[PDB]
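Here's the structure we're looking at; comments come further down.
Every heavy atom of this structure was used, including side-chain atoms; hydrogens, water molecules and symmetry mates were not. For the single chain, residues carry numbers from 1 onward in sequence order. Numbering of ligands and ligand atoms starts at 1, following listing order.
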Amino acid sequence: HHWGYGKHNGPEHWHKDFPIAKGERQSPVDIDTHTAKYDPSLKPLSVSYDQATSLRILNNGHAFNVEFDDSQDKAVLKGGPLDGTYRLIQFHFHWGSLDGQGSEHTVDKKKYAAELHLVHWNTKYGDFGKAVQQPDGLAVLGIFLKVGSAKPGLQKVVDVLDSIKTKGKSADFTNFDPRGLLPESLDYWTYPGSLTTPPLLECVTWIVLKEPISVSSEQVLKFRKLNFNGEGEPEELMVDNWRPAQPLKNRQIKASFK
Ligand SMILES: NS(=O)(=O)c1nccs1
Ligand SMILES: NS(=O)(=O)c1nccs1
Ligand SMILES: [Zn+2]
């Protein structure tokens, strides 16, 4: 047994094993659109996923991760609020049991049906494990999912979920293009924060896109068929795997747009 999202091991318990849960720069947060300062010094985000190499998809018991080859500068995030270059290592999502909840960040208290996280690590620290020990170690791009028209570029991900239903299952997952998960606009808010699962390390520059992607009800339904438990255990549907908003405290949310 370990941390999870249930009544006995969920977000409100995490602090007992990861005391930084109560720290000064925790994620997610509510993005108050009227308090976020437009910052004309922010650069456009640079997302270069042209040469991205997906390798595998994994159910790790808390979400599913699509993993990338990060042994070269093939899929990088640069510009925006960032200095230097961050390599894509994985993406995953957080979603709800119902369309009314599921996102981690909220926007003037609005919850989206899900949220995508494309996780990148600062190439000056050499590997992901070293980056997470650093205040500017990670750059996570957050994208909101709302339910409406399907996202054609998500379908390949939903169709493989049958094969990784339970914890520890993985499947080959090559030639997936993450550029088909982006919305049209790259307007963003940014603030310094943390991993939103344990160990909750305060290593993240969060870059959250203003424009949501639209996904179909059937697509998000297929997320909710996955399982937190392993094969041949009591079936526990993988839903509501989001941490609620944490105290903003001494932080400013900047906007890249007016
Ligand atoms: N702090 S924790 O979420 O890992 C936890 N372990 C057992 C019950 S709650
Ligand atoms: N949910 S997240 O992107 O902040 C993340 N947490 C741990 C590894 S990646
Ligand atoms: Zn996440």
Apply the test ring pair (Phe, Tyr, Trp, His ring centres under 6.0 Å) to residues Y112 and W95: give CA-CA distance (whole Å), side-chain angles for both, the deciding distance (0.1 Å), then the verdict.
CA-CA 8 Å; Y112 284 90; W95 60 88; over 10 Å; no
Using a 4.0 Å heavy-atom threshold (strictly under), name the region of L195 that reaches ligand 2: side chain, backbone, both or neither.
both
Within 4.0 Å of some non-hydrogen atom of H94, the atoms of ligand 2 are 1 (N)
Quick one: side chains of residues 72-83, donor-acceptor pairs under 3.5 Å with protein atoms, not counting sequence neighbours, listed by atom name and distance.
from	atom 1	to	atom 2	distance (Å)
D73	OD1	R87	NE	2.8
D73	OD1	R87	NH2	3.3
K74	NZ	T53	OG1	3.2
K74	NZ	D69	OD2	2.8

Ring-plane angle category for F93 and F64, please: parallel below 30°, perpendicular beyond 60°, tilted otherwise.
tilted
Listing, residues 130-150 side-chain donor-acceptor contacts under 3.5 Å, not counting sequence neighbours, or none:
from	atom 1	to	atom 2	distance (Å)
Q133	NE2	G129	O	3.2
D136	OD1	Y125	OH	2.8
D136	OD2	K124	NZ	3.0

Before signing off on this row, confirm whether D17 and ligand 1 have an N or O atom pair separated by under 3.5 Å.
yes
Take every heavy atom of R243, measure it against each atom of ligand 2, and state whether any distance is under 4.0 Å.
no
Does NZ or CZ of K210 come closer than 6.0 Å to the centre of the six-membered ring of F257, within 45° of the ring's axis?
yes
For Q90, the ligand 2 atoms whose distance to one of its heavy atoms is below 4.0 Å
9 (S)
Quick check: does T196 get an N/O under 3.5 Å from an N/O on ligand 2?
yes
Taking 4.0 angstrom as the limit and counting only heavy atoms of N9, give me the atoms of ligand 1 inside it, by number and element.
3 (O), 9 (S)
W242 (side chain) donor-acceptor with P28 (main chain) under 3.5 angstrom
no
Below 4.0 angstrom from a heavy atom of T197, which ligand 2 atoms are there? Numbered from 1 as shown, please.
6 (N), 7 (C)
Taking 4.0 angstrom as the limit, do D39 and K37 come out as a salt bridge?
no
Closest non-hydrogen protein atom to atom 3 (O) of ligand 2, residue and atom name please, with distance?
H92 CE1, 3.4 Å
Residue pairs meeting salt bridge (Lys or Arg N to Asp or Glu O under 4.0 Å), one or both in residues 97-111, sequence neighbours left out, come to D99-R224
Are any of the side-chain nitrogens in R179 or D50 under 4.0 Å away from the carboxylate oxygens of its partner?
yes
Relative to the Zn ion (ligand 3), how many protein N, O or S atoms have a separation of less than 2.8 Å?
3
Where does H15 meet ligand 1, judged by heavy-atom distances below 4.0 Å: at the side chain, the backbone, both, or neither?
neither
Using a strict 4.0 Å cut-off to heavy atoms of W206, name the atoms of ligand 2 that fall inside it.
4 (O)
Steps toward side chain to side chain contact (heavy atoms under 4.5 Å, CB included) verdict (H62, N60)
CA-CA 6 Å; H62 39 97; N60 60 19; 3.3 Å; yes
Check this for me, if you would: do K165 and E235 make a salt bridge, where the nitrogen-to-carboxylate-oxygen distance has to be below 4.0 angstrom?
yes
By number and element, which atoms of ligand 1 are closer than 4.0 Å to a non-hydrogen atom of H8?
8 (C), 9 (S)
For the residue pair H117 and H105, categorise the inter-ring angle as parallel (less than 30°), tilted (30 to 60°) or perpendicular (more than 60°).
perpendicular
